[PDB]
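Before any questions on how it binds or moves, here is one chain, the form deposited in one PDB entry, in structure tokens.
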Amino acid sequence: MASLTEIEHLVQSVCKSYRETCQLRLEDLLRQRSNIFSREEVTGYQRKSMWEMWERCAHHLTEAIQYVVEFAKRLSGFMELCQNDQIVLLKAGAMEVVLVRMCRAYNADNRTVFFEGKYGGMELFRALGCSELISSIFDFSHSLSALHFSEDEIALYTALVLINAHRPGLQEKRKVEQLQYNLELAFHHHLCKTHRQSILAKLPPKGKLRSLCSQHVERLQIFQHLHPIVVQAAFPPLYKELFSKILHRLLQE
């Protein structure tokens, strides 16, 4: 199964699907690198209530997840899997894909991230009350930024983050294994062709992405225990379904 010409066709198909479903083009994020939050704007964010900052972040993550769902729908073989398997994969990998895509909005020179039109450091998120999680996200983004990923590398890498045949709950495991294997060949083929196989040993262990998503679910539970009505009344329905049935509807479009 799958010859060399079919693997190269898969490479281009994945890259195209990724370009079409980017929340912001890479150049839009680079051109904004000198637009940094002033000391006064940072204090403004710090002084916001914990629940207002949590609602803002849950709204931005929901928007980013919506682009990830669209990327999955454009991925060759994804819409062919059963609906149970599509939902199992999006439920475990959607936040993981948002976290890898986050490195494009991260500036390693000054340790800032793009958020609401400008760049700011970790201290912008102090009001969330989950400094360890933000810190882990910034470290993960910094570690990814040290690899100097091209857009095509991110497309192939995030396709593999999403198409994981080890997710518990998968009914047609072999069908996901075949698609994962084809995407692995496409990723390794593209790395070999462009003299970039050296990044393979430097890719983060799979347990690191799982650790960030687990910390996110735990910090959300702490916040939801303190503010149940805020989550119920002001958090996006899709965010609550993933982390706290919108997905079936999003998938049928």
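In this text, residue numbers run from 1 along the sequence as written.
Keep in mind that the form deposited with a small molecule bound is missing from the display, and what follows is about it.
When the small molecule is considered in the deposited bound form, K91 lines it closely, a heavy atom lying within 4.5 Å. When contacts are judged by a 4.5 Å heavy atom cut-off, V14 does not count as touching the small molecule in the deposited bound form. With a 4.5 Å cutoff on heavy atoms, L61 counts as touching the small molecule in the deposited bound form. Of the heavy atoms in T43, none are within 4.5 Å of the small molecule in the deposited bound form.
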